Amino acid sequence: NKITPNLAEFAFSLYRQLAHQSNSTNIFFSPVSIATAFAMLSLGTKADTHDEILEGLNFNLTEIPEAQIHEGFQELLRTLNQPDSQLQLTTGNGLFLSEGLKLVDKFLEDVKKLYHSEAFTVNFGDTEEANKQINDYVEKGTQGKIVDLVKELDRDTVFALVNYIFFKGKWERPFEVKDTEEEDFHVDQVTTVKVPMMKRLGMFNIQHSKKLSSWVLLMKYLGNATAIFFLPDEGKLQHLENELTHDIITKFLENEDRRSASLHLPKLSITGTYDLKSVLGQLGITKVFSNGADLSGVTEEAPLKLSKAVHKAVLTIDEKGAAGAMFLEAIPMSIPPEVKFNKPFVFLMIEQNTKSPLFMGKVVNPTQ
């Protein structure tokens, strides 16, 4: 897991930029899927174009050899795509290139073999049909979950990247649907809205963190992932966002102690759609999107730039997800603390093998 600290730093850098853009929107993105997509893209780039990409993913190229970078990503892809995965994690990256380009066979091999991704040739001279084929690929890859992803291409487009991911996890210790009820969600300190709220009395990996001024809940999925929910104390959301570090996360993941709690957690159906050109440009990745791009590993003779790059992540949290593991947790008599995720909170999903940050986000209003 040599690249996990870099991915964690990329997650935070990406998160802190989005939360600065808008402070009143649900955030949800996949640090892993975005970083995978552009590490794969870097294989077709050279010189500064290449270096800007890996540095933008929080890799110090003076310290970590590039072979270890791509080895880390491909080992991460090996665990996420096990055929016997209960993770129910659907992700894909599509490269759409102008059919008039002479593509380097080495790049297409690396994309399909090393990164298990997809590359398509399209006639960008028909800009509305190229857009349809891009949206059809995402809709077919998500079996109808993500529809009409790309809303507009510009006529000069010759190279587009789409990165999607959809997660519906199954809780190892599930909630009962009968106990889900409508509850208040404090969008601010004087305002509430009603949302469907799951609840369960059980033995939770849960603690209050002085450092973060937050409650910290860890719940395991069926499969190889854990969800971490951060509930900030009153007026402490910005403090929580500032203080998150990879080492603080690791200590939480090492704790296996359990205490009783009456947990209230909203059902969630949230999506995030991001312009990676704009977003990753703020993180230093710009030349690959500019006329000066060195994409000579993709095509040798003709000029090329990445004209379009979109990321869409979809999350569903509910009670269960297809029956009968039958865990019995023993609940002590004492009064269990009431931990209600009924105000803005942050969350992070972690791949259990690599400790990689599969997702990160913030819920400011479950029914936005």
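Residue positions are given as counts along the sequence shown, with the first one as 1.
According to the entry, the deposited sequence runs straight from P303 to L304 with no unmodelled residues in between.
Comparing the deposited coordinates for 109-117 and 175-183, the stretch with the larger average C-alpha B-factor is 109-117. On average the C-alpha atoms of 324-332 have higher B-factors than those of the other stretch, with 53-61 and 324-332 being the two compared. Per the PDB record, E75 has a higher Cα B-factor than any other of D188, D275, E75, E241.
The residue among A261, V195, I249, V104 whose C-alpha carries the highest B-factor in the deposited model is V104. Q68: CA B factor lies in the highest third for its chain, per the PDB record. In the deposited entry, the Cα temperature factor of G235 places it in the middle third of its chain's modelled residues. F166: CA B factor in the middle third of modelled residues in this chain (values from the PDB entry). The PDB entry assigns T299 a C-alpha temperature factor belonging to the highest third of its chain's modelled residues. Ranked against the other modelled residues of its chain, the C-alpha B-factor of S13 as given in the entry falls in the lowest third.
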